[PDB]
Amino acid sequence: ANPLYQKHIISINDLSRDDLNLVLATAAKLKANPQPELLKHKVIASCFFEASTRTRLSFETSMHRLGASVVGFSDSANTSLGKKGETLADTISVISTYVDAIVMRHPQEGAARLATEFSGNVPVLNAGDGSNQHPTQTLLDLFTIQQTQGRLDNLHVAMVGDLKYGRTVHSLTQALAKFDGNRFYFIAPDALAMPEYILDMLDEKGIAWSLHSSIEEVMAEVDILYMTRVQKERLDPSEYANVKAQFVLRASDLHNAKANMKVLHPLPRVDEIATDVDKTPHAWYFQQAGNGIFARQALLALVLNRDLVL
Amino acid sequence: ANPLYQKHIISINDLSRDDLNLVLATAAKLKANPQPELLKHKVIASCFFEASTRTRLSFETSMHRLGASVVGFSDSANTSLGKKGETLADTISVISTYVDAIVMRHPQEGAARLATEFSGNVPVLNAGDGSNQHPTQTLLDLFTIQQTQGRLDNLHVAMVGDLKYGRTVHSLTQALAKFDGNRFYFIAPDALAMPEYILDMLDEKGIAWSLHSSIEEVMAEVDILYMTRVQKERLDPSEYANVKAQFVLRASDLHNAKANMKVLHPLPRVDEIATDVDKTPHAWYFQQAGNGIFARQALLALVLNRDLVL
Amino acid sequence: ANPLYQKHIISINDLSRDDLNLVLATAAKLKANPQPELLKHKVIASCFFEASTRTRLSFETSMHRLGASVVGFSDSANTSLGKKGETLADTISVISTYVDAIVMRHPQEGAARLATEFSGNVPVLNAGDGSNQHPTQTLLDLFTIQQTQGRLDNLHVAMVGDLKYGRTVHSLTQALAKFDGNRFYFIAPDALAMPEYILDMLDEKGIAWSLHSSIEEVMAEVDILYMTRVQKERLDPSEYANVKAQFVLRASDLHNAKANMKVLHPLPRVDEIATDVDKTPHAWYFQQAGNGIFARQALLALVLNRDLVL
Amino acid sequence: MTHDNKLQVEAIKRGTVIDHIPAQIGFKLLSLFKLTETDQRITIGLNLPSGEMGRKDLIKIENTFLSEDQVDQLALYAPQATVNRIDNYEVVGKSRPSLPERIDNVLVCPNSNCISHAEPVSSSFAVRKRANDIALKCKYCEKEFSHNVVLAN
Amino acid sequence: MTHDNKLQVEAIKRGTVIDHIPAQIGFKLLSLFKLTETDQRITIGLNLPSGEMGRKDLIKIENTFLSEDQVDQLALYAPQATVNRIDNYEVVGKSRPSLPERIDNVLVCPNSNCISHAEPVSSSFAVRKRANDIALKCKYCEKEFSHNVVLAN
Ligand SMILES: O=C(O)C[C@H](NC(=O)CP(=O)(O)O)C(=O)O
Ligand SMILES: O=C(O)C[C@H](NC(=O)CP(=O)(O)O)C(=O)O
Ligand SMILES: O=C(O)C[C@H](NC(=O)CP(=O)(O)O)C(=O)O
Ligand SMILES: [Zn+2]
Ligand SMILES: [Zn+2]
């Protein structure tokens, strides 16, 4: 039994530093030593109650790359919860009698935690629940930073955009606070700032963070600049002032940047990253997405395989 | 490396006579010598941004008949391009880091060509882009004409219906102009006529074509009568006069027809072919659809297999 | 032929202290001694393309109270302009060939101005155009203000609300800067502040004005507290943050209030003036409204009648 | 009697000669005031040196005659500029765009809810010397905008 | 080397000199070639005559020589143009515009349903002389239009 065996992956806050390390290490192995039938005979429900291109297709692709079968729904509209009034509790209850793991993405914060109280032995994997967490994104981002920085400590990381509704940054900050010496620069409209709950943890850990009103102020320092999309779908109408990207990244502002720096982004990008950045050796968002394949395979292996040997 | 290996299938105009021949020949082989694991271990994205019954399910069925796994979306509504504003360029960019081929059908002319500039080594297969092309339809139609006429030369072919918005006929005319001695009769409302770009090519090749205002005038001559559905979804509102089938085929008008003639149709038919034609030894539209299985298997084999031996 | 005879009443910036004093004295004489046939045989168009309860109704009662007749609309949905695509220009062109005057309210700024260039001889009264002017509101506010303070010169005036889109404050502020010694206080969210053009006209004129963050910060030095509604229907989406009133007048705020201070408001109010205020002695909005009859009968009397009412 | 420094032919019978237009204006004036929509001989010299007026710009329109009305309308872009009236080769007149009190049919009211955008009327603005810049006020909506922000055609 | 034929002529050491620009076309190239940007003593002559040919437009930009494509792109807008490379008050090379095989970026596909509009890509058509008019084929939608229509971008 590996530490991750049959564990629910709901919140980075429930995961430890060595847990995250076993994933990155396994990811690395699969990425060079493909295990085509590691999951032969399993059937995973890929249940997404909210839109997805990357998350769902990477997950489904990983399952297939490992021999799993997949069954599920990409829209809640044609489910019985959609047209018949079924609770989410009962939906998870019956589905868990069919399959081996459940990858779920939902619009309301806490939809994943609630799934666990209703699924028995079936591990639940959080592909995103509202603006709360998205641990799998964070596993693929950590893998992407590791492989380009050769480290997960003492890094200088800037997080730009919607930090408030961004479950991507909520989960990545809690992960990167688990390693040592990392420094954080948060650049976001005041309305969409970093929640206090995460800052307080930082203080409580004695992590060095700070605020800035422009990328220009930090460009020369960061090793990683995590650009984020404004969560239009979640904004309360009073926040409607904040729909257009306040901070936009053009190829020219990467001029004083460290040679080793990589621009990451969870994607989809709208206008926060002008397309001319794409051709700079700094843009790493598409390599970061392909990484979704290797990190999520690793997770399915670790969670459904009592003992992995590669 | 067969000629088709890793090639994008975007437009019949980019394909040659021997290319089309290798497909028909391979089709024929698979249709009698099933290769159950020819594609074991591949994962193909079946991305349809527009409605489909035949094309999508035949494609997906072929992939499975060959051991491939499939991952994808039958509606763009629940994608990130659907609800998050993602460009089609970025959608193709990330998806191509997951899979081996991408079968895509889209509403706008040129959506497939654009996919190639964004997918690297990943071959793109055009399941239809607006009213422009649909090469796979044409491969299954050529297979259907070959197997019933025993030839692809000197045939007399009538094309009836919406010739203007019909990507089906645009691609089939360019294919059948690549063989010798074929003669073309075009029967269509003036508003929905055969584009000039295709006629000019015909002239330029010295192909014999002509126009007629009724099936009655040509019934006794054609070997193949390709009936087409009026593209209601594409009609500009000024063309709204042309929504009802101007030319309808009833079982009685097949009376003076050559014994060897077969009625083909891409389908779905609405009212252009009365259902009593279904029982005549002339109707060949359902046998033509099943043919989708064998021609598209052939294509996936030829494109993903460096060297095929059957 | 009195100064305003056959004149167009489009903006308070085209009138002068004398013109205004002309209207209020007439207002006064009319209130004391009604003239039931003073407009016998005139037919007036009441054309409202935006909503209205007091402007339209007080306007129409006024025409009737003076013997005139009325033709019009209260919604352009069933006008040729609304269902057949007509221009406002043509609309006023045909209308000015039936009636003696056009009283109109419109959703776009400068629509009353436009109509003057096409109404020929018929005068155009502006019952409000978008967020520009509302001159007849201004007339009754002046009349009510003089009624309750004895004068219009040297008054302490606080304007609270949506000062940016309030067409009422634009006019009124311009009207009082035509008198001597008036002092201004402005309390509004920063997004709905008095427009520049008004603050400038003030400076040029040496009028004293200052911003404030609380009604209470002026409660003691004011004679007239002019309350306004957040012109909700005019806000841009990016201003949806100020859709709910920030300054609400409740009775207990009228504690240090000057003995002669009245609360005015052009109505309709939503949450900015609590109902308890209604029964204190400072509330004068419903009397202010009722005074609309007189400012309006007087204006009509003057524009359509040659000699100073005898 | 233009100047000297290596020859080329360049003198006209009658017409107009807007002299002393600063850089990146000349093009703008040809486009806005449509001073190119005519069969007349036009000679636009750009960047051609003129001392204090280091990189001046110049335009010459044959037969064409400006109007006090027109000329003034240039003070919104090239005010210092001098209009030289050349008739029968003799420079007969010489103005300098001063400020007009109203700009018509050229600009476009930045207020998107302005009636001018829908109806078939001609835009029109009152010009005013605000403080630093010139203040433009729409005839219809009554809003005033930095003479710099008001766009045109 | 010499002095030109017709009257009002302008001179230069090194630079490009485009002549024969049909009437009313000179100002436009000045727009869609972004020539006016370069502060190099540009000279322009709208409506000059053109002997038996009529009236002509012409541009002179010192120190500036056209792109490795602009002449080809200048072929569609004004086929009968002449591009003179003038080095040291002399023509060390004269060219005629040739219509290229294909044209990129500058053109906008007239088919509204073409994906080139919506997506971040460069337009590019394939030029093919047809019967008198030239035909352009969109790289993306595969349609071929007459340049009459395409030149409504
Ligand atoms: O939505 C974002 O931009 C960030 C993040 N994006 C993703 O997970 C990528 P995707 O939506 O396609 O699956 C998410 O939280 O959904
Ligand atoms: O739509 C048509 O009738 C012709 C043609 N039909 C098909 O491809 C069959 P289907 O839509 O089910 O996949 C097409 O171009 O979509
Ligand atoms: O609507 C307001 O808040 C103030 C003002 N109100 C009025 O004129 C009263 P009503 O719209 O009922 O005629 C206006 O601008 O319309
Ligand atoms: Zn305006
Ligand atoms: Zn196109």
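Some values worked out for this structure:
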read-out: Reach of B:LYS31 by Cα under 30 Å, taken over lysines that are not fewer than 8 positions away in the same chain; value: A:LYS40, B:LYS7, B:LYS40, B:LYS42, B:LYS178, B:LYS258, B:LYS262, B:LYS279
read-out: Value of relative contact order over the stretch D:8-100, rounded to a whole percent, pairs C-alpha under 8 Å and six or more apart; value: 37 percent
read-out: Convex hull volume per residue in cubic angstrom - Cα atoms of the stretch D:101-153; value: 66 Å³
read-out: Alpha-carbon centroids, the stretch B:181-235 and the stretch E:80-153: separation in whole Å; value: 31 Å
read-out: Partner chain coverage, peptide B:88-96 - average Cβ within 10 angstrom; value: 6
read-out: Mean separation of Cα contacts under 8 Å (6+ apart) over length of chain A, as relative contact order %; value: 22 percent
read-out: Debye log10 I(q)/I(0) at q = 0.27, 0.31, 0.34, 0.35 Å⁻¹ for the stretch D:6-47, Cα point scatterers; value: -1.18, -1.31, -1.35, -1.37
read-out: Debye-sum result for the stretch A:30-100 in log10 I(q)/I(0), which assumes one identical scatterer on each alpha carbon, at q = 0.20, 0.26, 0.27 Å⁻¹; value: -0.88, -1.18, -1.21
read-out: The stretch A:278-310 versus the stretch A:152-177: alpha-carbon centroid distance in Å; value: 18 Å
read-out: Tilt relative to chain A, helix A:196-205 - C-alpha long axis, 0 to 90 degrees, to 10; value: 80 degrees
read-out: Rel. contact order, % - alpha carbon contacts under 8 angstrom, at least six apart, the stretch E:101-153; value: 35 percent
read-out: Label point 7 Å beyond Cα along the C-beta direction, distances from A:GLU233 to other copies (nm, shortest first); value: 2.4, 3.4
read-out: D_trans [Stokes-Einstein, Kirkwood Rh over alpha-carbon pairs] for the stretch A:200-298, 37 °C, 0.692 mPa s, µm² s⁻¹; value: 213 µm²/s
read-out: Using distinct alpha-carbon pairs, which all enter the 1/r mean, Kirkwood radius of chain C in Å; value: 19.9 Å
read-out: Theoretical ellipticity at 222 nm over chain D - DSSP helices of four or more residues, -39500 (n - 2.57) apiece, nearest 500; value: -2000 deg cm²/dmol
read-out: Net charge contributed by nearby residues that have their C-beta within less than 11 Å of E:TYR140 (K/R +1, D/E -1); value: -1
read-out: Angstrom value of the Kirkwood radius, inverse mean 1/r, which spans all Cα pairs in the protein assembly as shown; value: 37.3 Å
read-out: Whole-angstrom gap from the stretch E:7-27 to the stretch C:60-98, using each part's C-alpha centre; value: 59 Å
read-out: Förster-model FRET efficiency, 60 Å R0, E:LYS34 and C:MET201, C-beta, rounded to 0.05; value: 0.90
read-out: Anisotropy class of the stretch D:8-100 from Cα gyration tensor, a/c 1.5 cut; value: rounded
read-out: GNM flexibility winner over chain C from C:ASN121, C:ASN33, C:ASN13 (Cα, springs under 10 Å); value: C:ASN33
read-out: Coarse-grained scattering of the stretch C:1-153 at q = 0.18, 0.20 Å⁻¹, given as base-10 log I(q)/I(0) from a Debye sum over alpha-carbon atoms; value: -1.17, -1.43
read-out: 222 nm mean residue ellipticity, helices alone, for chain B (DSSP H n ≥ 4; -39,500 (n - 2.57); rounded to 500); value: -10000 deg cm²/dmol
read-out: Number of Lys pairs (Cα under 19 Å; 8 or more positions apart or on different chains) in the stretch D:8-100; value: 7
read-out: Semi-axis lengths (Å, descending) of the ellipsoid that matches the C-alpha gyration tensor of the stretch C:134-291; value: 21, 20, 15
read-out: Rounded tilt (10° steps) of A:167-176 against the dominant C-alpha axis of chain A; value: 80 degrees
read-out: Sum of side-chain charges, C:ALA177 neighbourhood, beta-carbon under 12 Å (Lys, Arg +1; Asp, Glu -1); value: -1
read-out: Copies compared at C:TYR5 - label distances in nm, ascending, label defined 7 Å from Cα in the Cβ direction; value: 10.1, 10.5
read-out: For A:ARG183, label point 7 Å along C-beta direction: distances to other copies, nm; value: 5.4, 8.4
read-out: The stretch B:240-288: Cα Rg divided by the 2.2 N^0.38 Å rule of thumb; value: 1.19
read-out: Distance (nanometres) between label positions extended 7 Å along Cα→Cβ at B:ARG17 and A:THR280; value: 5.3 nm
read-out: Order of E:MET53, B:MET104, B:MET219 under a 10 Å beta carbon neighbour criterion, fewest first; value: E:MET53, B:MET219, B:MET104
read-out: Cβ nearest the rotation axis (B onto C), residue from chain B and distance to the nearest whole Å; value: B:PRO237, 15
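Values in this text are rule-based calculations from the coordinates and carry no lab data. Because the Cβ atoms are built from the backbone with ideal geometry, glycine has one as well, and the counts that use them run over all protein chains shown.
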